[PDB]
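In the text below, chain A, chain B and the rest are named by the order of the sequence lines, each starting its count at 1. Both backbone and side-chain heavy atoms feed into the values below; hydrogens, waters and symmetry mates do not.
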Protein chains: 2
Amino acid sequence: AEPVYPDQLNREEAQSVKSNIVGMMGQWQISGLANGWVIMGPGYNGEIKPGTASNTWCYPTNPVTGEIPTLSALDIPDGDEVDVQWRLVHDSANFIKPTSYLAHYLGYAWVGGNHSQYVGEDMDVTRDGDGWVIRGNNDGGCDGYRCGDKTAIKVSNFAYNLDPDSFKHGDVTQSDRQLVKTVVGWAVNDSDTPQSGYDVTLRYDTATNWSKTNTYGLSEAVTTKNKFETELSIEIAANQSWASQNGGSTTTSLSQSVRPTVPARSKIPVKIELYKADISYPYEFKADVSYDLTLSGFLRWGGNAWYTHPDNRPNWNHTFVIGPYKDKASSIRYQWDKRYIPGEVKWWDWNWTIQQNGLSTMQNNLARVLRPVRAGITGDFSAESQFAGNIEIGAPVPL
Amino acid sequence: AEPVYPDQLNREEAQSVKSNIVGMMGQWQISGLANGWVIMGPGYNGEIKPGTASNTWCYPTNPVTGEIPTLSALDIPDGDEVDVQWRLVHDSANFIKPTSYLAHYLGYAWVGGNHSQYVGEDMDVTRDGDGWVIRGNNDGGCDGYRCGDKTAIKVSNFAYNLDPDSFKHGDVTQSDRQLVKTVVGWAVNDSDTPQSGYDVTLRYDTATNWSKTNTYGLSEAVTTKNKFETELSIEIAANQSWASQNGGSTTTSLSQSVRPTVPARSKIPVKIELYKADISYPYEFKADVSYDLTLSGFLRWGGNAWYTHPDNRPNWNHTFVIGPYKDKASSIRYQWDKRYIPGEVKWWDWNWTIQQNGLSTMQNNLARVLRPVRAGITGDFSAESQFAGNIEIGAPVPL
């Protein structure tokens, strides 16, 4: 009838979340529900049958949805892309601690450095290629099984959601200009009315292609020979062959046209030019910063949140998208909202994290992890071997 | 929290520039910072731990950004491209000395001639192909290890940023004209209204292509023969083959059309012609002159600014772009502004140059190297085997 969330705890509603109810009770115990039905615990394999007992299950008269709250946006002082990234990853209260706690709650081992006993303390930050890496400091020494195998938090693939009325760009400059082709010409009007029916068009195209082929074959031959000085021989033969091909191509095209309106009893000159050149220009906008978050390290033997709950301390890697929806495996909100359907629990078990830490705890942590970020952006565009053109209509000459 | 620039000198802020702080202190020394944390010097490998000591690190209460200043533009008397280049490279106060000092500060050996002891003096200037070369004069003799291996400063790849309302061009002339094709025709209107539904179009296309193929193969055969006068033999065989192809093409197209409006009960004649010809014309504009600067010579054993600090006197080459941003390796402003992030110091160490010469010194030198230049330009366009066309609508004839 209604969706039921196990953290809040009808024969059907009981069946819909059967494995959660059966998990949360003693072996050989029996507890009741509506209309004379009872749930049997482990050892009876969770069987639901008509019956009676001295314990019962029941929902709150007024239960809650348990959704992740939305916080106000975090404003980062303006700059270029790398400066804004620097300011985000070095913020311990708004970035480093919430992310460390998320990794800890999901079951990643050793989230922290050697100079503190607390989660998220004593972390080092470094720049690595186009991304950033946050890991606990490992100077001196530690004490614990595999205590030198720290969990790493990796940040990459930043993207920007612009505000439509904020974008601006500056001067466009060109360098290393090379000529492709030019055309010049005249449009002549010896009639008594204006004429607009003229057209000159110049077009340039380039393309590439590839192909691969596999061939297989068989043949059979029979020869009979008779040496009557004179030998006479006759050969009969046949063959079969099969072949298979795959391929493809890519094409780029650039066209320019001119269509002048010419006054009566007059003529107009025209010109079109095409070059290749490198293009550069500055820009600015205001936007929201989204990114990919990857957690990497071995999981804990005493318990973790992976839905198969492995116990051999495997090394683990998983990527979440902090921002708009792309996919199910990488969406925290998708997985949180659907925790009432056992058939979709394919990645992380969020019911387990609620049981271990409390509902308010998990809600506040996830709200901080998913908080929006605002920042101003300045930057520079640059590209090699692009196109540049020029189309001209000149002044008329009376005939 | 905040970016910290080492020339101006929190446990995190301390970690963000750890290698600069540790470099700038004595082995086995320990100095303090905020909230009970201390930095250990070389020999402790820079370890940051809780503790105490008799020395401390601290930032200025009011530190500076240290950005490179912008100077007013240098005006060069007008001419053509080569005359303006000549005037730029022969200016010792605005060009030769600042560039020589930049090469000297980065660690290039022997920047100067044999008739002076000062940097940038006694330099010769020569024209070489499409560029210019500036090098210290090596007449007579010198005194020093490899003192005859002078550092060279090379200038090439000039580009112009026009002022939109300044461009003008003159007469367009043609020579070596060869006919491609012509068409003539009539548009006839025997209706009682004007008609504009007429079209004649002439189009000419040319193209080239190429392709390469690699093929490999295997075969196996078995023959049985029996010589019962009569020999009978039977052959069974099979084969396999694999092939791979790559290719491409280029196409150029030029089209011309005519669409006349014809009065009622009248006719109009039309004509289209297409030629190949060489095209020439004069031009003028006002613009800014940008260029590529290349430094070439062996580096100094006692210290240089390359980030790996090599000590075997290698021969070195590096190109900077003086002008708008293209890339990171060739941008002085990009590298200067990001000197607070150790993970991006991949080319020249600008913190090292500041430590060796002072901050005001480096700022003034780089401001002079990057100063804008304004100049007027006159010139001539020339190209072979271009297109030229002519489209004509004639006077009407009553029917």
Asker: What is the minimum heavy-atom distance between B:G248 and A:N209, and which atoms define it?
Answerer: N-ND2, 3.7 Å

Asker: In terms of heavy-atom proximity below 4.5 Å to chain B, should A:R259 be classed as side chain, backbone, both, or neither?
Answerer: neither

Asker: Pair A:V184, B:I279 - check side chain to side chain contact (heavy atoms under 4.5 Å, CB included), show working.
Answerer: CA-CA 9 Å; A:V184 300; B:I279 302 301; 3.9 Å; yes

Asker: B:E344 versus A:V82: any side-chain heavy-atom pair under 4.5 Å?
Answerer: yes

Asker: Who among B:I236, B:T252, B:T261 has the most heavy-atom pairs with chain A under 4.5 Å?
Answerer: B:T261

Asker: Given a strict heavy-atom distance threshold of 4.5 Å, which part of B:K225 is in contact with chain A: side chain, backbone, both, or neither?
Answerer: neither

Asker: Could you check which of A:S257, A:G217, A:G140 has the highest count of heavy-atom pairs closer than 4.5 Å to chain B?
Answerer: A:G217

Asker: Would you mind checking which part of B:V172 comes under 4.5 Å of any heavy atom in chain A, side chain (CB onward), backbone (N, CA, C, O), both or neither?
Answerer: side chain

Asker: Measure distances from B:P3 to the heavy atoms of chain A and classify the residue's part below 4.5 Å as side chain, backbone, both or neither.
Answerer: both

Asker: May I ask you to check whether over 12 heavy atoms, not counting those of B:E384, lie within 6.0 Å of atom CD?
Answerer: no

Asker: Of the backbone (N, CA, C, O) and the side chain (C-beta and beyond), which part of A:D122 lies under 4.5 Å from a heavy atom of chain B, both, or neither?
Answerer: both

Asker: Below 4.5 Å, heavy-atom pairs only: which of A:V188, A:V270, A:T224 has the largest tally toward chain B?
Answerer: A:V188

Asker: Side chain, backbone, both or neither: which part of B:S290 has a non-hydrogen atom closer than 4.5 Å to chain A?
Answerer: neither

Asker: So which of B:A238, B:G46, B:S253 has the largest heavy-atom pair count under 4.5 angstrom toward chain A?
Answerer: B:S253

Asker: Heavy-atom pairs under 4.5 Å with chain A - which of B:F228, B:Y325, B:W242 has more of them than the others?
Answerer: B:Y325

Asker: Does any backbone or side-chain atom of A:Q174 lie under 4.5 Å from a heavy atom of chain B? Answer side chain, backbone, both or neither.
Answerer: backbone

Asker: Just wondering, are more than 12 heavy atoms of other shown residues or ligands nearer than 6.0 Å to CZ in A:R135?
Answerer: no

Asker: Measure the spacing between CD1 of B:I391 and CD1 of A:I268 and express it to the nearest 0.5 Å.
Answerer: 12.5 Å

Asker: Around atom NZ of A:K181, are there more than 12 heavy atoms of other residues, nucleotides or ligands at under 6.0 Å?
Answerer: yes

Asker: When heavy-atom pairs shorter than 4.5 Å are enumerated against chain B, which of A:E220, A:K212, A:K227, A:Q195 gives the highest number?
Answerer: A:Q195

Asker: Does any non-hydrogen side-chain atom of B:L232 lie less than 4.5 Å from one of A:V222?
Answerer: yes

Asker: Looking only at heavy atoms and a cut-off of under 4.5 Å, which of A:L218, A:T182, A:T250 has the most pairs with chain B?
Answerer: A:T182

Asker: Is any side-chain heavy atom of B:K326 closer than 4.5 Å to one of A:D176?
Answerer: no

Asker: Side-chain contact test, heavy atoms from C-beta onward, threshold under 4.5 Å: evaluate it for A:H90 versus B:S16 and give yes or no.
Answerer: yes

Asker: Which atoms of B:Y291 come close to chain A, meaning under 4.5 Å heavy atom to heavy atom: side chain ones, backbone ones, both, or neither?
Answerer: neither

Asker: With a 4.5 angstrom heavy-atom cut-off, could you sort out which part of A:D83 is near chain B: side chain, backbone, both or neither?
Answerer: both

Asker: Is it the case that atom CZ in B:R333 sees more than 12 heavy atoms from other parts of the structure closer than 6.0 Å?
Answerer: yes

Asker: Could you tell me which of B:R11, B:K18, B:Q240 has the largest number of non-hydrogen atom pairs under 4.5 Å with chain A?
Answerer: B:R11

Asker: Identify the heavy atoms of B:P50 and A:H115 that sit nearest to each other, and give their distance.
Answerer: CD-CB, 4.2 Å

Asker: So do B:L254 and A:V183 actually touch side chain to side chain, heavy atoms under 4.5 Å?
Answerer: yes

Asker: Select one option (side chain, backbone, both, neither) describing which atoms of A:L202 are under 4.5 Å from chain B's heavy atoms.
Answerer: both

Asker: Using non-hydrogen atoms and a 4.5 Å limit, figure out which bit of B:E392 sits close to chain A: side chain, backbone, both or neither.
Answerer: both

Asker: Any luck finding a side-chain donor-acceptor pair between B:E47 and A:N137 under 3.5 Å?
Answerer: no

Asker: At a heavy-atom separation under 4.5 Å, does B:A237 approach chain A through its side chain, its backbone, both, or neither?
Answerer: both

Asker: Considering only heavy atoms and a distance below 4.5 Å, find which of B:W210, B:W37, B:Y340, B:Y44 pairs most often with chain A.
Answerer: B:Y340

Asker: Identify which of A:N239, A:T208, A:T213 forms the greatest number of heavy-atom pairs closer than 4.5 Å to chain B.
Answerer: A:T213

Asker: Heavy-atom distances under 4.5 Å only: say whether A:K271 touches chain B with side chain, backbone, both or neither.
Answerer: side chain

Asker: Examine whether an atom of B:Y216 lies under 4.5 Å from a heavy atom of chain A, and if so say whether it belongs to the side chain, the backbone or both; otherwise answer neither.
Answerer: neither

Asker: Which region of B:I341, side chain (C-beta onward) or backbone (N, CA, C, O), has a non-hydrogen atom less than 4.5 Å from a non-hydrogen atom of chain A, or is it both or neither?
Answerer: side chain

Asker: Relative to chain A, which segment of B:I272 carries a heavy atom at a distance below 4.5 Å: side chain, backbone, both, or neither?
Answerer: neither

Asker: Using a cut-off of 6.0 Å, state whether more than 12 heavy atoms not belonging to B:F167 lie near its atom CZ.
Answerer: yes

Asker: Below 4.5 Å from any heavy atom of chain B, which atoms of A:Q256 appear? Answer side chain, backbone, both or neither.
Answerer: neither

Asker: Looking only at heavy atoms, what is the nearest atom pair of B:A383 and A:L179, with distance?
Answerer: CB-CD2, 4.0 Å

Asker: Would you mind checking which part of A:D91 comes under 4.5 Å of any heavy atom in chain B, side chain (CB onward), backbone (N, CA, C, O), both or neither?
Answerer: neither

Asker: Could you check whether any side-chain heavy atom of B:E12 comes within less than 4.5 Å of a side-chain heavy atom of A:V125, counting everything from C-beta outward?
Answerer: yes

Asker: At what distance, to the nearest 0.5 angstrom, does CD1 of B:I48 lie from CG of A:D124?
Answerer: 7.5 Å

Asker: I'd like to verify something: which residue of A:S233, A:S211, A:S191 has the highest number of heavy-atom pairs under 4.5 Å with chain B?
Answerer: A:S211

Asker: At a heavy-atom distance under 4.5 Å, which candidate from B:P342, B:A243, B:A159 has the highest pair count against chain A?
Answerer: B:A243

